[PDB]
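Here is the structure we will look at, set down as structure tokens.
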Amino acid sequence: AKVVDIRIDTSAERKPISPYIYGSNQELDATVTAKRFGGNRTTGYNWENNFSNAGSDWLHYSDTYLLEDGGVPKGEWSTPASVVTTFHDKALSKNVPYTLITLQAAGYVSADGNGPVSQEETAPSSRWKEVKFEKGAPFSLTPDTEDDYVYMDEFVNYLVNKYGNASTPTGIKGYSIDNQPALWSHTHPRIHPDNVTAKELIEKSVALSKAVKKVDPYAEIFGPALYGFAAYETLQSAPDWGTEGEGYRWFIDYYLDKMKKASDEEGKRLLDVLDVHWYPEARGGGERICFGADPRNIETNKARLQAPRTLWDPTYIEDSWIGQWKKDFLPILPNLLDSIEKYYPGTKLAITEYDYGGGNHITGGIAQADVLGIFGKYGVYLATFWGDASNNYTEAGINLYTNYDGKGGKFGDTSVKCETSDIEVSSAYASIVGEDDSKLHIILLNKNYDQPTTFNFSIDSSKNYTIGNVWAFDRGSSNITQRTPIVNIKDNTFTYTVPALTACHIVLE
Ligand SMILES: OC[C@H]1O[C@@H](O[C@H]2[C@H](O)[C@@H](O)[C@H](O[C@H]3[C@H](O)[C@@H](O)[C@H](O[C@H]4[C@H](O)[C@@H](O)[C@H](O[C@H]5[C@H](O)[C@@H](O)[C@H](O)O[C@@H]5CO)O[C@@H]4CO)O[C@@H]3CO)O[C@@H]2CO)[C@H](O)[C@@H](O)[C@@H]1O
Ligand SMILES: [Ca+2]
Ligand SMILES: [Cl-]
Ligand SMILES: [Zn+2]
């Protein structure tokens, strides 16, 4: 009989949970709170005509993929930024409060949709249009598709003119400085064949941020949208890191320090959110937990359940090259936040791409719910899962926080102290709404694979809870269903036994 104690103090460690951590990149069967227009296809996206290039994902084809995949009405295909406006219109219609639009910095964007771009057509060439961050001439709502340039600030002007600036209810709140710069030379060799240098990325980031903020001083700039750890540490062995990196523990510090330096010289914040992608390298059962992981592999599934701990738990060492050789940089979130405090205080943190795998498996749902609890507890500002609607359990993990009852019910927006006596077999996150603890929300996850776990709750609150309604998902179904309510609470204490591999959302009042 596995017994675990959960102790909550609604008055201690109160901290706001950013509403934007429950987002997605793709269109999901879940209620999300942030939508990101990013990824490989956005690097060469031309807002003037909506064409884009697949790069290495698909024979370097320049075509209308984004219009088709984005479900843009055929009649708007030739309309400037229709890919983006359709994306944002959809977000607004679904009541999504935050939209993040990737801007182009690799250097060039598709001039057409004529198919494969040969190596002999590497930019510059008739197949590409050169990107310039600042037009330096009056903006037009009908950009010239005949000249050789595409302007980022004109692009932003078009959007602000349509939706208002970032400070308004319908404005687009954030812009990203392209996508995975350290992989430009690998993913988009036809646009940026040389490995990006640290100097180049900073120069571009500063220039694009300045250009954007002159049009919308309220917009938040996200960067550098690094693909993974190697980029975090050395910008994927950047050609100039041996010199630029002197005195810096990792590229992360260099980026923050240089962006702050530029902001200080300019007179305003140029980097609002440190943006990185985190695809777990954690392994189990002889395979990575994400990217083609086999749901039949029990060891992989168990490793998936524990992987979230690499995000915050100093005592957890995963089975991966990162856990083995980069302990000095783990747990990851605290290290990223520590760097921010040291080189650019006030900077926010976002994980714009992540996937713990097993999306169609219970462990993918529990890990997802765990990750979201972690993002909320440790101060992450925005997060957007990368994966399609087939990840039913991942979607359940999101809805457990954003719409657990199917009618808008959601986790509180203020995190409170909630400790568990066994972080290996369980996870628990608590929250209240605003500064009021009348209703106490609790995300309770039982990671026990084949046995139930009994939880003894002890809560300190100004209120005396008399009922705890429950909603949960498990191996039986990814549909979140309401369960029998907890009714025997004595002096804010009660015992609740949860079946193996179950994720619950308890609402006390
Ligand atoms: O529609 C008629 C038309 O079809 C043309 O052929 C199409 C084909 O029909 C489409 O299915 C195909 O779609 C692919 C896209 O071209 C390609 O850009 C896209 O690339 C994805 C990739 O699949 C995905 O893994 C990737 O995720 C990465 C993120 O982008 C990174 O940020 C992150 O770090 O890492 C993840 C991966 O872990 O995202 C990119 C997109 O950004 O994949 C699509 C599916 O394969 O396109 C074909 C060409 O347009 C046909 O040619 C025409 O003749 C016909 O009329
Ligand atoms: Ca142009
Ligand atoms: Cl990168
Ligand atoms: Zn789905």
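Simple scheme: letters A, B, ... for chains in structure tokens order, numbers from 1 for residues in each chain, numbers from 1 for ligands in the order shown.
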Could you list, as a ChimeraX atom specification, every residue within 8 Å of stretch 73-86 of chain A, counting only C-alpha atoms and ignoring same-chain residues fewer than 3 positions away? /A:37,47-50,66-67,70,89-90,101,142-143,155,159
Go ahead and write the selection's residues with N, CA and C atoms as a compact mmCIF listing (two decimals), in the first residue's frame.
```
# COMPACT_ATOMS: atom_id res chain seq x y z
N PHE A 37 2.79 31.01 -34.36
CA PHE A 37 2.95 30.82 -35.79
C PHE A 37 4.47 30.75 -35.95
N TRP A 47 5.41 37.53 -46.49
CA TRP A 47 4.10 38.10 -46.20
C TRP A 47 3.44 38.81 -47.38
N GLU A 48 4.24 39.29 -48.32
CA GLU A 48 3.70 40.01 -49.47
C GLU A 48 2.86 39.12 -50.38
N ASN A 49 3.23 37.84 -50.48
CA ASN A 49 2.49 36.92 -51.35
C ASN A 49 2.14 35.58 -50.69
N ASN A 50 2.53 35.41 -49.43
CA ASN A 50 2.25 34.20 -48.67
C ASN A 50 3.00 32.93 -49.07
N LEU A 66 1.76 26.87 -46.63
CA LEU A 66 1.18 27.54 -45.46
C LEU A 66 -0.25 28.03 -45.64
N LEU A 67 -0.63 28.37 -46.87
CA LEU A 67 -1.99 28.83 -47.13
C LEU A 67 -2.92 27.62 -47.00
N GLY A 70 -2.82 26.20 -43.39
CA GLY A 70 -3.44 27.15 -42.48
C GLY A 70 -4.92 27.32 -42.73
N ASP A 89 -6.93 35.53 -36.77
CA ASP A 89 -8.39 35.59 -36.72
C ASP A 89 -8.89 34.34 -35.98
N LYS A 90 -8.35 33.18 -36.34
CA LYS A 90 -8.74 31.93 -35.70
C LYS A 90 -8.49 31.94 -34.20
N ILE A 101 3.76 35.71 -33.49
CA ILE A 101 4.06 35.61 -34.91
C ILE A 101 5.55 35.67 -35.20
N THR A 142 -0.30 47.84 -49.40
CA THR A 142 -0.27 47.01 -50.60
C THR A 142 1.19 46.94 -51.04
N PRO A 143 1.99 46.12 -50.34
CA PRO A 143 3.42 45.97 -50.65
C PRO A 143 3.72 45.64 -52.11
N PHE A 155 5.52 44.81 -42.65
CA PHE A 155 4.73 43.62 -42.36
C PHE A 155 4.00 43.89 -41.04
N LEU A 159 -0.19 44.50 -39.89
CA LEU A 159 -0.91 43.81 -38.82
C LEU A 159 -1.45 44.79 -37.77
```
Which neighbours of residue A:252 fall inside 9 Å, counting only C-alpha atoms, when residues of the same chain fewer than 3 positions from it are skipped, and could you give them as a PDB file with N, CA and C atoms, in the first residue's frame?
```pdb
ATOM      1  N   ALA A 231      22.534  24.359 -28.924  1.00  0.00           N
ATOM      2  CA  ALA A 231      22.396  25.756 -29.331  1.00  0.00           C
ATOM      3  C   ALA A 231      22.439  26.660 -28.095  1.00  0.00           C
ATOM      4  N   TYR A 232      21.872  26.176 -26.989  1.00  0.00           N
ATOM      5  CA  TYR A 232      21.868  26.925 -25.729  1.00  0.00           C
ATOM      6  C   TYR A 232      23.308  27.173 -25.294  1.00  0.00           C
ATOM      7  N   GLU A 233      24.128  26.131 -25.400  1.00  0.00           N
ATOM      8  CA  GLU A 233      25.500  26.218 -24.937  1.00  0.00           C
ATOM      9  C   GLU A 233      26.514  26.907 -25.835  1.00  0.00           C
ATOM     10  N   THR A 234      26.531  26.563 -27.117  1.00  0.00           N
ATOM     11  CA  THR A 234      27.515  27.143 -28.028  1.00  0.00           C
ATOM     12  C   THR A 234      26.922  27.590 -29.359  1.00  0.00           C
ATOM     13  N   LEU A 235      25.604  27.751 -29.412  1.00  0.00           N
ATOM     14  CA  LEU A 235      24.937  28.134 -30.651  1.00  0.00           C
ATOM     15  C   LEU A 235      25.404  27.149 -31.730  1.00  0.00           C
ATOM     16  N   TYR A 248      32.015  33.623 -20.955  1.00  0.00           N
ATOM     17  CA  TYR A 248      30.613  33.241 -20.792  1.00  0.00           C
ATOM     18  C   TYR A 248      30.472  31.737 -20.587  1.00  0.00           C
ATOM     19  N   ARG A 249      29.661  31.352 -19.604  1.00  0.00           N
ATOM     20  CA  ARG A 249      29.432  29.943 -19.294  1.00  0.00           C
ATOM     21  C   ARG A 249      28.744  29.226 -20.453  1.00  0.00           C
ATOM     22  N   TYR A 255      23.844  35.854 -25.075  1.00  0.00           N
ATOM     23  CA  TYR A 255      22.666  36.412 -25.724  1.00  0.00           C
ATOM     24  C   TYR A 255      21.993  37.435 -24.820  1.00  0.00           C
ATOM     25  N   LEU A 256      21.741  37.040 -23.578  1.00  0.00           N
ATOM     26  CA  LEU A 256      21.095  37.926 -22.617  1.00  0.00           C
ATOM     27  C   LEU A 256      21.931  39.179 -22.373  1.00  0.00           C
ATOM     28  N   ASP A 257      23.223  38.987 -22.139  1.00  0.00           N
ATOM     29  CA  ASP A 257      24.118  40.110 -21.873  1.00  0.00           C
ATOM     30  C   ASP A 257      24.197  41.097 -23.041  1.00  0.00           C
ATOM     31  N   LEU A 274      13.096  35.399 -23.371  1.00  0.00           N
ATOM     32  CA  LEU A 274      14.138  34.456 -23.771  1.00  0.00           C
ATOM     33  C   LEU A 274      13.322  33.262 -24.264  1.00  0.00           C
ATOM     34  N   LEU A 336      18.210  28.464 -16.622  1.00  0.00           N
ATOM     35  CA  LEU A 336      17.839  29.503 -17.578  1.00  0.00           C
ATOM     36  C   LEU A 336      17.413  30.766 -16.819  1.00  0.00           C
ATOM     37  N   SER A 339      20.348  32.551 -15.264  1.00  0.00           N
ATOM     38  CA  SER A 339      21.076  33.341 -16.249  1.00  0.00           C
ATOM     39  C   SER A 339      20.373  34.663 -16.480  1.00  0.00           C
ATOM     40  N   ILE A 340      19.046  34.626 -16.533  1.00  0.00           N
ATOM     41  CA  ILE A 340      18.268  35.845 -16.731  1.00  0.00           C
ATOM     42  C   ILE A 340      18.533  36.822 -15.586  1.00  0.00           C
TER      43      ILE A 340
END
```
Residue among A:127, A:224, A:25, A:31 lying closest to residue A:355, counting only C-alpha atoms: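 Of all the options, A:25 lies closest to residue A:355.
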Any residue with an atom at most 8 Å from ligand 2 counts, using only C-alpha atoms and all ligand atoms. Which are they? Put them as a PyMOL selection string. chain A and resi 48+129+143-151
Between A:203, A:194, A:338, A:178, single out the one closest to ligand 3, counting only C-alpha atoms and all ligand atoms.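 Among the listed residues, the smallest separation from ligand 3 belongs to A:178.
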Within 10 Å of ligand 4 (only C-alpha atoms and all ligand atoms), residues as a tab-separated table (two decimals) with N, CA, C and O atoms, in the first residue's frame:
```tsv
chain	number	residue	atom	x	y	z
A	27	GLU	N	-3.24	23.24	-34.56
A	27	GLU	CA	-4.65	23.31	-34.20
A	27	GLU	C	-4.98	22.01	-33.45
A	27	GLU	O	-4.99	20.92	-34.03
A	28	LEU	N	-5.25	22.15	-32.16
A	28	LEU	CA	-5.52	21.01	-31.31
A	28	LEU	C	-6.96	20.86	-30.88
A	28	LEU	O	-7.75	21.80	-30.96
A	29	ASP	N	-7.29	19.66	-30.41
A	29	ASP	CA	-8.62	19.36	-29.90
A	29	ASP	C	-8.50	19.66	-28.41
A	29	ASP	O	-8.61	18.77	-27.57
A	30	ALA	N	-8.24	20.93	-28.10
A	30	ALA	CA	-8.10	21.36	-26.72
A	30	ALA	C	-8.25	22.88	-26.64
A	30	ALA	O	-8.08	23.58	-27.63
A	359	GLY	N	2.01	10.97	-26.95
A	359	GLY	CA	0.81	11.78	-27.06
A	359	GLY	C	-0.52	11.05	-27.07
A	359	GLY	O	-1.54	11.61	-26.64
A	360	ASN	N	-0.52	9.82	-27.56
A	360	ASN	CA	-1.75	9.02	-27.61
A	360	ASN	C	-1.71	7.94	-26.52
A	360	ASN	O	-2.40	6.93	-26.60
A	387	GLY	N	2.89	19.63	-31.92
A	387	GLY	CA	2.34	18.33	-32.24
A	387	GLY	C	0.91	18.50	-32.71
A	387	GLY	O	0.26	19.49	-32.36
A	388	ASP	N	0.40	17.55	-33.50
A	388	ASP	CA	-0.96	17.66	-34.02
A	388	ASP	C	-2.06	17.11	-33.12
A	388	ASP	O	-1.81	16.63	-32.02
A	389	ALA	N	-3.29	17.18	-33.62
A	389	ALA	CA	-4.47	16.75	-32.89
A	389	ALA	C	-4.59	15.25	-32.59
A	389	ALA	O	-5.52	14.83	-31.91
A	390	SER	N	-3.65	14.45	-33.08
A	390	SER	CA	-3.72	13.02	-32.83
A	390	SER	C	-3.20	12.68	-31.44
A	390	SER	O	-3.32	11.55	-30.98
A	391	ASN	N	-2.61	13.67	-30.77
A	391	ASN	CA	-2.08	13.47	-29.42
A	391	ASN	C	-3.21	13.71	-28.43
A	391	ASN	O	-3.20	14.69	-27.69
A	392	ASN	N	-4.18	12.79	-28.43
A	392	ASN	CA	-5.35	12.93	-27.56
A	392	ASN	C	-5.05	13.05	-26.08
A	392	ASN	O	-5.71	13.80	-25.37
A	393	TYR	N	-4.06	12.31	-25.59
A	393	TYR	CA	-3.72	12.39	-24.19
A	393	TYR	C	-2.98	13.68	-23.86
A	393	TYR	O	-3.13	14.22	-22.77
A	394	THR	N	-2.19	14.18	-24.80
A	394	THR	CA	-1.49	15.44	-24.58
A	394	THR	C	-2.57	16.50	-24.43
A	394	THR	O	-2.51	17.35	-23.55
A	395	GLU	N	-3.57	16.44	-25.30
A	395	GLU	CA	-4.67	17.40	-25.27
A	395	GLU	C	-5.44	17.30	-23.96
A	395	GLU	O	-5.91	18.32	-23.43
A	396	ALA	N	-5.57	16.09	-23.41
A	396	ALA	CA	-6.28	15.92	-22.14
A	396	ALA	C	-5.48	16.64	-21.05
A	396	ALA	O	-6.05	17.33	-20.21
A	478	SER	N	-9.15	9.29	-22.62
A	478	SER	CA	-8.49	10.58	-22.56
A	478	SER	C	-9.54	11.67	-22.33
A	478	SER	O	-9.21	12.84	-22.13
```
Which residues, written as a PDB file with N, CA and C atoms, in the first residue's frame, have at least one atom at most 6 Å from residue A:452, with only C-alpha atoms counted and residues fewer than 5 positions away on the same chain left out?
```
ATOM      1  N   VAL A 498      -6.005   7.284  -5.410  1.00  0.00           N
ATOM      2  CA  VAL A 498      -6.098   7.403  -6.859  1.00  0.00           C
ATOM      3  C   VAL A 498      -5.575   6.150  -7.550  1.00  0.00           C
ATOM      4  N   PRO A 499      -6.311   5.643  -8.556  1.00  0.00           N
ATOM      5  CA  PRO A 499      -5.868   4.444  -9.272  1.00  0.00           C
ATOM      6  C   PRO A 499      -4.533   4.713  -9.959  1.00  0.00           C
ATOM      7  N   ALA A 500      -3.878   3.659 -10.424  1.00  0.00           N
ATOM      8  CA  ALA A 500      -2.603   3.805 -11.108  1.00  0.00           C
ATOM      9  C   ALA A 500      -2.778   4.688 -12.343  1.00  0.00           C
TER      10      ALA A 500
END
```
Point out the residue among A:418, A:182, A:259, A:1 with the least atom-to-atom distance to ligand 3, counting only C-alpha atoms and all ligand atoms.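 Between A:418, A:182, A:259, A:1, the residue approaching ligand 3 most closely is A:182.
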Taking only C-alpha atoms and all ligand atoms into account, report as a tab-separated table (two decimals) with N, CA, C and O atoms, in the first residue's frame which residues have an atom no farther than 10 Å from an atom of ligand 1.
```tsv
chain	number	residue	atom	x	y	z
A	25	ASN	N	1.18	25.16	-31.06
A	25	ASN	CA	1.64	25.64	-32.35
A	25	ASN	C	0.61	25.22	-33.40
A	25	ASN	O	0.26	25.99	-34.29
A	37	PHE	N	2.79	31.01	-34.36
A	37	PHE	CA	2.95	30.82	-35.79
A	37	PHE	C	4.47	30.75	-35.95
A	37	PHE	O	5.14	31.78	-36.02
A	38	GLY	N	5.01	29.54	-35.96
A	38	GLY	CA	6.45	29.39	-36.08
A	38	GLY	C	6.87	28.04	-36.63
A	38	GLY	O	6.06	27.31	-37.21
A	39	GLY	N	8.14	27.71	-36.45
A	39	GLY	CA	8.63	26.45	-36.97
A	39	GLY	C	9.36	26.67	-38.28
A	39	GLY	O	9.43	27.79	-38.81
A	40	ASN	N	9.90	25.58	-38.82
A	40	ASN	CA	10.68	25.61	-40.05
A	40	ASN	C	10.10	26.39	-41.22
A	40	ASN	O	10.80	27.20	-41.82
A	41	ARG	N	8.84	26.15	-41.55
A	41	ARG	CA	8.21	26.84	-42.67
A	41	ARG	C	8.12	28.37	-42.56
A	41	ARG	O	7.97	29.05	-43.57
A	42	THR	N	8.21	28.92	-41.36
A	42	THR	CA	8.09	30.37	-41.21
A	42	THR	C	9.36	31.17	-41.52
A	42	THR	O	9.30	32.38	-41.71
A	43	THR	N	10.51	30.51	-41.58
A	43	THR	CA	11.76	31.20	-41.87
A	43	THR	C	11.75	31.91	-43.22
A	43	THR	O	12.18	33.07	-43.33
A	52	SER	N	6.24	30.33	-49.23
A	52	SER	CA	7.22	29.93	-48.23
A	52	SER	C	8.02	28.73	-48.74
A	52	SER	O	7.65	28.13	-49.77
A	53	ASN	N	9.09	28.39	-48.04
A	53	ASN	CA	9.95	27.28	-48.45
A	53	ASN	C	10.09	26.20	-47.38
A	53	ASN	O	10.39	26.50	-46.22
A	54	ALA	N	9.90	24.95	-47.77
A	54	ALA	CA	9.99	23.82	-46.85
A	54	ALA	C	11.42	23.52	-46.39
A	54	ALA	O	11.62	22.84	-45.38
A	55	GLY	N	12.41	24.00	-47.13
A	55	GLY	CA	13.78	23.72	-46.74
A	55	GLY	C	13.99	22.21	-46.78
A	55	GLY	O	13.34	21.51	-47.55
A	56	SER	N	14.87	21.70	-45.92
A	56	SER	CA	15.18	20.27	-45.90
A	56	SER	C	14.00	19.36	-45.56
A	56	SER	O	14.09	18.14	-45.77
A	57	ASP	N	12.92	19.91	-45.04
A	57	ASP	CA	11.76	19.08	-44.72
A	57	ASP	C	11.10	18.57	-45.99
A	57	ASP	O	10.42	17.55	-45.96
A	58	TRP	N	11.29	19.27	-47.10
A	58	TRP	CA	10.67	18.83	-48.35
A	58	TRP	C	11.30	19.35	-49.64
A	58	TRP	O	10.72	20.17	-50.34
A	59	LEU	N	12.50	18.85	-49.93
A	59	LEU	CA	13.22	19.20	-51.15
A	59	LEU	C	13.33	20.70	-51.46
A	59	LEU	O	13.36	21.09	-52.63
A	60	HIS	N	13.40	21.52	-50.42
A	60	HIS	CA	13.53	22.97	-50.57
A	60	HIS	C	12.49	23.57	-51.52
A	60	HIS	O	12.79	24.47	-52.30
A	61	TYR	N	11.26	23.07	-51.44
A	61	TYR	CA	10.15	23.53	-52.26
A	61	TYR	C	9.61	24.89	-51.83
A	61	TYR	O	9.39	25.13	-50.64
A	62	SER	N	9.39	25.78	-52.79
A	62	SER	CA	8.77	27.08	-52.51
A	62	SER	C	7.36	26.89	-53.05
A	62	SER	O	7.19	26.61	-54.23
A	63	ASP	N	6.36	27.04	-52.18
A	63	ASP	CA	4.98	26.86	-52.62
A	63	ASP	C	3.97	27.50	-51.68
A	63	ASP	O	4.32	28.29	-50.80
A	64	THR	N	2.71	27.11	-51.86
A	64	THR	CA	1.60	27.64	-51.07
A	64	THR	C	1.24	26.79	-49.85
A	64	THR	O	0.16	26.93	-49.30
A	65	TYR	N	2.16	25.93	-49.42
A	65	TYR	CA	1.89	25.06	-48.28
A	65	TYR	C	1.22	25.74	-47.08
A	65	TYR	O	0.24	25.22	-46.56
A	66	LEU	N	1.76	26.87	-46.63
A	66	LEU	CA	1.18	27.54	-45.46
A	66	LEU	C	-0.25	28.03	-45.64
A	66	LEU	O	-1.01	28.11	-44.67
A	67	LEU	N	-0.63	28.37	-46.87
A	67	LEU	CA	-1.99	28.83	-47.13
A	67	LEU	C	-2.92	27.62	-47.00
A	67	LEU	O	-3.98	27.69	-46.37
A	68	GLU	N	-2.50	26.51	-47.60
A	68	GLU	CA	-3.27	25.28	-47.58
A	68	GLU	C	-3.38	24.72	-46.17
A	68	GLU	O	-4.49	24.49	-45.67
A	69	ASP	N	-2.24	24.51	-45.52
A	69	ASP	CA	-2.23	23.97	-44.17
A	69	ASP	C	-2.91	24.90	-43.16
A	69	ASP	O	-3.50	24.43	-42.19
A	113	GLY	N	6.11	30.46	-55.76
A	113	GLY	CA	5.65	29.17	-55.28
A	113	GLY	C	5.83	28.17	-56.41
A	113	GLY	O	5.01	27.27	-56.60
A	114	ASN	N	6.94	28.31	-57.14
A	114	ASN	CA	7.22	27.45	-58.29
A	114	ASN	C	7.86	26.10	-58.01
A	114	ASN	O	8.29	25.42	-58.95
A	115	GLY	N	7.92	25.70	-56.75
A	115	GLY	CA	8.50	24.40	-56.44
A	115	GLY	C	9.93	24.40	-55.94
A	115	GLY	O	10.40	25.41	-55.41
A	116	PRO	N	10.66	23.29	-56.11
A	116	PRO	CA	12.05	23.15	-55.66
A	116	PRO	C	13.02	24.23	-56.11
A	116	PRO	O	13.05	24.62	-57.28
A	178	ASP	N	12.60	34.91	-36.05
A	178	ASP	CA	12.77	33.71	-36.85
A	178	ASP	C	12.61	32.42	-36.02
A	178	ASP	O	11.92	32.41	-34.99
A	179	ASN	N	13.26	31.36	-36.48
A	179	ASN	CA	13.16	30.06	-35.82
A	179	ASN	C	14.48	29.30	-35.93
A	179	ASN	O	15.09	29.24	-37.01
A	180	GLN	N	14.92	28.74	-34.81
A	180	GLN	CA	16.14	27.93	-34.72
A	180	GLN	C	17.29	28.38	-35.61
A	180	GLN	O	17.69	27.67	-36.54
A	183	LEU	N	20.23	26.24	-36.70
A	183	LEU	CA	19.94	25.20	-37.68
A	183	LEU	C	19.60	25.76	-39.06
A	183	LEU	O	19.22	25.00	-39.96
A	187	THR	N	18.64	23.34	-42.05
A	187	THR	CA	17.25	23.31	-42.48
A	187	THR	C	17.00	24.17	-43.72
A	187	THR	O	16.24	23.78	-44.60
A	225	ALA	N	14.79	31.49	-29.94
A	225	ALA	CA	14.04	30.32	-30.40
A	225	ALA	C	15.01	29.20	-30.74
A	225	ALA	O	14.91	28.58	-31.81
A	226	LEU	N	15.95	28.94	-29.83
A	226	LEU	CA	16.96	27.90	-30.02
A	226	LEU	C	16.35	26.49	-30.02
A	226	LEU	O	15.48	26.17	-29.21
A	227	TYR	N	16.82	25.65	-30.94
A	227	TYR	CA	16.30	24.30	-31.11
A	227	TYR	C	16.52	23.34	-29.94
A	227	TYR	O	15.65	22.52	-29.64
A	228	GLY	N	17.67	23.42	-29.29
A	228	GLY	CA	17.96	22.51	-28.20
A	228	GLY	C	19.23	22.87	-27.45
A	228	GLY	O	19.87	23.88	-27.75
A	276	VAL	N	13.25	29.46	-26.06
A	276	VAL	CA	13.98	28.25	-26.42
A	276	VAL	C	13.03	27.08	-26.65
A	276	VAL	O	11.89	27.08	-26.17
A	277	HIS	N	13.50	26.09	-27.40
A	277	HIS	CA	12.72	24.89	-27.68
A	277	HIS	C	13.33	23.78	-26.84
A	277	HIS	O	14.56	23.68	-26.73
A	278	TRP	N	12.48	22.93	-26.27
A	278	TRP	CA	12.95	21.83	-25.44
A	278	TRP	C	12.27	20.51	-25.76
A	278	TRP	O	11.14	20.26	-25.33
A	279	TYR	N	12.96	19.68	-26.53
A	279	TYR	CA	12.46	18.35	-26.87
A	279	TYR	C	13.33	17.46	-26.00
A	279	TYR	O	14.53	17.38	-26.22
A	290	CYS	N	10.50	10.91	-26.92
A	290	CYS	CA	9.76	11.59	-27.98
A	290	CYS	C	10.37	11.20	-29.32
A	290	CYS	O	11.40	10.53	-29.37
A	291	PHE	N	9.73	11.62	-30.41
A	291	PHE	CA	10.21	11.33	-31.76
A	291	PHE	C	10.20	9.85	-32.14
A	291	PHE	O	11.24	9.20	-32.15
A	352	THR	N	8.72	27.78	-26.51
A	352	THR	CA	7.84	27.81	-27.66
A	352	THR	C	7.67	26.53	-28.46
A	352	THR	O	6.87	26.48	-29.39
A	353	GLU	N	8.42	25.50	-28.09
A	353	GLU	CA	8.29	24.19	-28.73
A	353	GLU	C	8.75	23.13	-27.74
A	353	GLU	O	9.81	23.25	-27.13
A	354	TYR	N	7.93	22.10	-27.58
A	354	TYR	CA	8.28	20.99	-26.69
A	354	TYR	C	7.31	19.85	-26.98
A	354	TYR	O	6.24	20.07	-27.56
A	355	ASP	N	7.70	18.65	-26.60
A	355	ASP	CA	6.87	17.46	-26.80
A	355	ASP	C	7.50	16.33	-26.00
A	355	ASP	O	8.66	15.97	-26.22
A	386	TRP	N	4.30	21.44	-29.50
A	386	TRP	CA	4.45	21.20	-30.93
A	386	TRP	C	3.99	19.77	-31.19
A	386	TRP	O	4.62	18.82	-30.73
A	387	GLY	N	2.89	19.63	-31.92
A	387	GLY	CA	2.34	18.33	-32.24
A	387	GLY	C	0.91	18.50	-32.71
A	387	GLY	O	0.26	19.49	-32.36
```
Nearest-residue call for residue A:424, choices A:166, A:4, A:330, A:191, using only C-alpha atoms: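 For residue A:424, the nearest of the candidates is A:4.
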What's around residue A:130 at 12 Å? Count only C-alpha atoms, leave out sequence neighbours fewer than 5 positions away in its own chain, and write the answer as a PyMOL selection string. chain A and resi 44-46+104-111+122-125+135+145+147-152+191-192
